[PDB]
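Protein chains in written order, with this note's numbering: chain A, 6 to 155; chain X, -8 to 42.
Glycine included, each C-beta is placed from N, C-alpha and C at the ideal position.
Report on one structure; see the data block that follows.
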Amino acid sequence: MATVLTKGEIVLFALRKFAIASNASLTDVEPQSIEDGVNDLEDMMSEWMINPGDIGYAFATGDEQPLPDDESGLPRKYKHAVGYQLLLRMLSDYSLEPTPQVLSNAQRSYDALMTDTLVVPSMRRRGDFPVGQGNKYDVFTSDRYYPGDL
Amino acid sequence: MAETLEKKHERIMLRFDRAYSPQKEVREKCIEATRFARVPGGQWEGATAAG
């Protein structure tokens, strides 16, 4: 994609959005808070394979370790949602509580992500339900009664 | 111009088309009605395969 999201960029976004490590609040950044953040992101993405479903995350192949310089594989349309969810999960490390505006932003981004993965399964006919004489089950098609399976 | 000479045949063919053209939409209704009443699946003809 456009510039390719790395796993370190997402955790830096989350750290910046609450004024923990950025150049436009005071100063500073730590190296352990990065490994902790990246591991938290990996575990979150593992969990998301259940409720929100797969979104294309690129996991580490074999054991090794994630490393912040690895390519995430996510489209750029998801970074705000992922970053806000990660910030919500990792706020309590520093003993902080989110403000209402942060919660509102997180909910809006999550809703945008949810809208892009809908299915609406569209239930089918049963299998003992007849198909009428009107569509000529003898000659044109075969098998009067719907299959309703496959 | 007749018998083997087919100059009669073009006149016959022209007469056929002249007779066919006016009574063209009238007979369609007759055929559709007979087929609508008698053919087993004929009441849905036009849709048949729709989904």
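8 Å Cβ cutoff met for residue i and residue j
i: residue 84 (chain A); j: residue 18 (chain A); result: yes
i: residue 43 (chain A); j: residue 16 (chain A); result: yes
i: residue 23 (chain A); j: residue 92 (chain A); result: yes
i: residue 26 (chain X); j: residue 37 (chain X); result: no
i: residue 135 (chain A); j: residue 149 (chain A); result: yes
Assigned secondary structure, residue i (DSSP; H/G/I helix, E/B strand, else coil)
i: residue 1 (chain X); result: helix
i: residue 122 (chain A); result: coil
i: residue 8 (chain A); result: coil
i: residue 76 (chain A); result: strand
i: residue 95 (chain A); result: helix
i: residue 141 (chain A); result: coil
i: residue 23 (chain X); result: helix
i: residue 107 (chain A); result: helix
i: residue 44 (chain A); result: helix
i: residue 18 (chain A); result: helix
i: residue 13 (chain A); result: helix
i: residue 51 (chain A); result: helix
i: residue 16 (chain X); result: helix
i: residue 70 (chain A); result: coil
i: residue 136 (chain A); result: coil
i: residue 89 (chain A); result: helix
i: residue 27 (chain A); result: coil
i: residue 58 (chain A); result: coil
Assumed close pair residue i, residue j - CB separation to whole angstroms, cut-off 8 Å
i: residue 152 (chain A); j: residue 132 (chain A); result: 7 Å
i: residue 62 (chain A); j: residue 90 (chain A); result: So it is not a contact: roughly 13 Å between Cβ atoms.
i: residue 12 (chain A); j: residue 77 (chain A); result: 5 Å
i: residue 94 (chain A); j: residue 41 (chain A); result: Between residue 41 (chain A) and residue 94 (chain A) the Cβ distance is about 11 Å, and since that is not below 8 Å, they are no contact.
i: residue 80 (chain A); j: residue 122 (chain A); result: The pair is not a contact, with the Cβ atoms about 12 Å apart (cut-off 8 Å).
Residue i burial status per 10 Å Cβ neighbour count (16 or more: buried)
i: residue 86 (chain A); result: buried
i: residue 20 (chain X); result: exposed
i: residue 20 (chain A); result: buried
i: residue 5 (chain X); result: exposed
i: residue 50 (chain A); result: buried
i: residue 7 (chain A); result: exposed
i: residue 42 (chain X); result: exposed
i: residue 111 (chain A); result: buried
i: residue 88 (chain A); result: buried
Cutoff 6 Å; reference residue i; Cβ partners in own chain excluding five residues on either side
i: residue 47 (chain A); result: 71
i: residue 137 (chain A); result: none
i: residue 75 (chain A); result: 12
i: residue 27 (chain A); result: 21
Own chain, CB closer than 8 Å to residue i, minus 5 neighbours either side, in chain order
i: residue -4 (chain X); result: none
i: residue 30 (chain A); result: 24
i: residue -1 (chain X); result: -8 and -7
Spatial neighbours of residue i in its chain, beta-carbon cut-off 7 Å, leaving aside the 5 residues before and after
i: residue 99 (chain A); result: 25
i: residue 154 (chain A); result: 132
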